[PDB]
Structure formats: structure tokens, C-alpha cells
Amino acid sequence: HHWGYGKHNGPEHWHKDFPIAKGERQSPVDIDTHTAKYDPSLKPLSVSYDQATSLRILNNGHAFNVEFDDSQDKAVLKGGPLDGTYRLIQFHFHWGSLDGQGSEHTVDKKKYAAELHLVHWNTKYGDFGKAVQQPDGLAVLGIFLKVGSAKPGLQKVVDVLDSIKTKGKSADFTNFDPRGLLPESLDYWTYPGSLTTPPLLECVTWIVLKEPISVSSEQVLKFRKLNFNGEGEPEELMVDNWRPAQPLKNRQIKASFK
Ligand SMILES: CC1(C)O[C@H]2[C@H](O)CN(CCCCCCn3cc(CNC(=O)c4ccc(S(N)(=O)=O)cc4)nn3)C[C@@H]2O1
Ligand SMILES: [Zn+2]
């Protein structure tokens, strides 16, 4: 009876094994655009992905992760609200069964079709497992997806999904350039929060870009043909793998832009 996104093991149940689910800095949240304050002391984000080394793509039973070599400073996030250097370890998405839902963050209660999370860890803690025990251990860059025109830089991901349909399957995924997933503008909102899946640790600086990327209906349909189940188990489509918005509590969301 492991956690997931079903009726019996979904987000409303997670607090029974992970009591931090009801904590003071949980993610995701609704971003109220009228309440977020412009912070002129924030810096432009520095997204340095030109030396990124992708390795593998894995269906882990709740999403698919594209994994990177983080054994040196190759793909890093710096600046904005961050102190020091955060290394890219993996990206993954959260998506819906229909285009009207799927994102984890919301914007004035608007749900997007999906949400990309680029996950980075603070190199002053030495490894990812040490970084998730610290309040400034991770930085997650969140990017909304809307359905419209295809995203050319997503198609290499879309075309490998048939090879990792079920839980525990992986495939080589070298020479993927994550710069092809970025929007034009790096304007963002930022707040302190958490991992959005168990163990829900309160270790994340969230950086959520204002500008969504556009993907095609055919691209998101391929995400929705993945399975939560293992091979030779009853088929359960991998859809609606998103946590809903959590209470903001004693937090302020800051905007990088006027
Ligand atoms: C195994 C590998 C290559 O994959 C990276 C994955 O992000 C996580 N691996 C397992 C870490 C082992 C103990 C550390 C604590 N921890 C981490 C995890 C896995 N969860 C997570 O790492 C996680 C990351 C991001 C997010 S979100 N949706 O962006 O907020 C949510 C969760 N489970 N327990 C470390 C990884 O290195
Ligand atoms: Zn995520």
C-alpha cells in the first residue's frame, strides 16, 4: 500500500506515512499574481546548460526522469534568489488526463496542462542525499506547459517514451540539450517550499517561470500513454500525477519582474 495518485493512495493520504505533508512550507502553491511582490533585490537567473551531460531516462512508477551527470559543475543554476551553485541532477514532468489540469503550481487558480521540474542541488552539501536534509539544499525550476504548437526540443523525449512504458524500465538518453525546453523569458516567481512527492522534504527554493512553453496535443497524448504499473501488471495509465496546491501559511511569493 505504497503512495501514488489513486483514490486509495493519493495526495490526501500521504500525511499518514509522511506527516510533513501538513507542514509549514509545503509545495506546490497557488501563485496569486496581484499579491506577489516585485523584489528589485533579486538577480537575473543564470541558467548555464551548454555543457549538460544527459545519461538515461527512467520510468519510476510516478513520472519519467531524464538523469544527468552531476559528478562535476556541467549544467548549473545560479543567481536569482540563490546563494552559490546548484547542479542539474534530473528533470521530469507532471501532467493531466485532460488539457484543463496537470500542473502542480497554479496562477490565479489557473491549472496548466503540465509542469516541467528541472531539479538542482546545492554543491556546498557535497551530494544530493545531504542536500535534501537542508532548507537551502535544492532549487527546482518550474515551467508550465500549455497545449498549442509543438515544442521541437521536446520531441526527442516524446519519441523514447514507447521504450519505457512501464515502471522500472530505462533507456539510454545521451546528448539531450535541456535548453530546448526553456521559454524566451526567464521572468519568475520564487518562494521557499518542498518536494511535491514523498518524502515531501522542506528543502526547495522554488523558481517558477511566468512564460509557459507550448507543446502539441500529440506530444502530451504520448505522455498519457505511459503506465504507472510494471510490465505484466494491470494497465493503469500514467495521468494526473500532480499534487494540488497547499496552504501558503507564513510565506511570501516574490516576483523578479514589475
Ligand atoms: C537516483 C538519482 C540518479 O535520481 C535523483 C532523484 O531526484 C532522487 N534519488 C534518490 C535519493 C535518495 C534519499 C534522498 C531523499 N529522497 C529523495 C527521493 C526522491 N525524490 C526526489 O528526489 C524528488 C525530487 C524532486 C521533486 S519535485 N516534484 O521536483 O518537487 C520531488 C522529489 N526520495 N527520497 C537521488 C537521484 O539520484
Ligand atoms: Zn516534480
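In listed order, ligands and their atoms are each counted from 1. Throughout, residue positions are numbered sequentially from 1 according to the sequence presented. Excluded from the calculations below are hydrogen atoms, water molecules and symmetry mates; all remaining heavy atoms, backbone and side chain alike, are included.
Protein heavy atoms are found inside the 4.0 Å sphere centred on atom 5 (C) of ligand 1. Per-atom contact check: atom 8 (C) of ligand 1 touches the protein, criterion being a heavy-atom distance below 4.0 Å. Shown here, atom 15 (C) of ligand 1 is in close reach of the protein: a heavy atom of it lies under 4.0 Å off. Closer than 4.0 Å to atom 20 (N) of ligand 1 lies none of the heavy atoms of the protein.
Atom 26 (C) of ligand 1 has as its closest protein heavy atom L195 CD2, 3.9 Å. From the protein, the heavy atom lying nearest to atom 33 (N) of ligand 1 is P199 CD, 3.4 Å. Ranking the protein heavy atoms by distance from atom 17 (C) of ligand 1 puts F128 CE2, 4.0 Å first.
Atom OG in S103 sits 13.5 Å away from atom CD1 in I143 (nearest 0.5 Å).
Of the possible polar contacts, one joining the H120 side chain to the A139 backbone as a donor-acceptor pair under 3.5 Å is found. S149 places no side-chain N or O within donor-acceptor distance of the main-chain N or O of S214, the cut-off being under 3.5 Å.
One finds an angle of 100° at the Zn ion (ligand 2) between NE2 on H92 and NE2 on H94, to the nearest 10 degrees.
For the residues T197, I89, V132, the heavy atom positioned nearest atom 2 (C) of ligand 1 is part of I89.
Restricting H117 to its N, O or S atoms, the one at the least distance from the Zn ion (ligand 2) is ND1.
Among the candidates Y112, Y191, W189, the single residue satisfying the ring pair (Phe, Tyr, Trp, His ring centres under 6.0 Å) test with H105 is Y191.
In this structure, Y38 has its ring center no closer than 6.0 Å to that of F257. Ring to ring, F91 and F176 are close: their centroids are under 6.0 angstrom apart.
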Subject >> Stepwise salt bridge (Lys or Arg N to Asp or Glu O under 4.0 Å) test for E67 and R56 >> reply: CA-CA 5 Å; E67 296 164 356; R56 190 177 75 140; 2.8 Å; yes
Original post:
Going through the checks in order, is the salt bridge (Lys or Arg N to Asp or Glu O under 4.0 Å) test met by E235 and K165?
Top reply: CA-CA 10 Å; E235 190 179 41; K165 183 174 180 190; 3.7 Å; yes
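Heavy-atom contacts from other residues, nucleotides or ligands closer than 6.0 Å to CG of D32 number more than 12.
At under 3.5 Å, a nitrogen or oxygen of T196, whether backbone or side chain, sits near a nitrogen or oxygen of ligand 1. When only interatomic distances are considered, the shortest N/O to N/O separation between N65 and ligand 1 does not fall below 3.5 Å.
Within the 4.0 Å heavy-atom cutoff, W206 counts among the residues contacting ligand 1.
Listed by number with element, the atoms of ligand 1 under 4.0 angstrom from any heavy atom of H94 are 28 (N).
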